[PDB]
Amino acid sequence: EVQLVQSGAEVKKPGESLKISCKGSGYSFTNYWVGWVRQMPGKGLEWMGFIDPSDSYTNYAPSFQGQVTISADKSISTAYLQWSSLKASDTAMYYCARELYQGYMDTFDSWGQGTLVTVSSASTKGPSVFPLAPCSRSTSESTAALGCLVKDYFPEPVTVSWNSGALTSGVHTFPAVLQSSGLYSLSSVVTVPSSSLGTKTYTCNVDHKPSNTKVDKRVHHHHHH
């Protein structure tokens, strides 16, 4: 079957160069054009341009003309997207796609899995983890919320579990926000019986692979400050 497989996620600093790849298999590579598409965080699809691997002809969207280079090595059925100098604004998911001409138009009938490119001046940093717990006397309903604030890390992602994975029901782990500092922050919360607050312990477990760190935080509210 037709497959496009892209190179792995990249985390780069502004000004660095980058070349990402798209390997086609299960079909005759030189027979089909390969297009590239950008998707910025939380945004839609944008056409970047294409290459005809049979003659190396390339064509770019006006916005991308001069900003990036598309190439192909047909001997290894591989297409490439390249930047000589990255900008933070280049942060996005990049897809390659095979073009199949049908109904008298080009269609993108097979897509790569995407390559996530993150460009930032930030440096790798593990999170600090802080408890989210109600004020001592503010729990009046029969269920309470507790959580952990996972702050000031880079790059994404972190993974958060509760009670070593024993607690999954009612957990909401929110999308991270990018702070003005260039570091991410997210919260993870769980709703639990108010009864259990003095009987049961709740601990969040926060893994951050890029920094090789893991932080556990027992959620508590101390009775003096």
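All residue numbers refer to positions in the sequence shown, first residue = 1.
Comparing 78-86 with 114-122, the stretch with the higher mean C-alpha B-factor in the PDB entry is 78-86. A summary of the deposited B-factors shows that, of 67-75 and 128-136, the stretch with the larger mean C-alpha value is 67-75.
If you compare the C-alpha temperature factors of 197, 48, 158, 177 in the entry, 197 comes out highest.
Of the candidates 162, 36, 184, 29, the deposited coordinates give 29 the top C-alpha B factor.
Compared with the other modelled residues of the chain, the Cα B-factor recorded for residue 224 ranks in the highest third. In the PDB entry, a CA B factor belonging to the highest third of its chain's modelled residues is recorded for residue 141. Split the chain's modelled residues into thirds by C-alpha temperature factor. Residue 217 is in the lowest one.
Per the deposited record, the Cα B-factor of residue 23 falls in the highest third when ranked against the other modelled residues of its chain. Ranked against the other modelled residues of its chain, the C-alpha B-factor of residue 173 as given in the entry falls in the lowest third.
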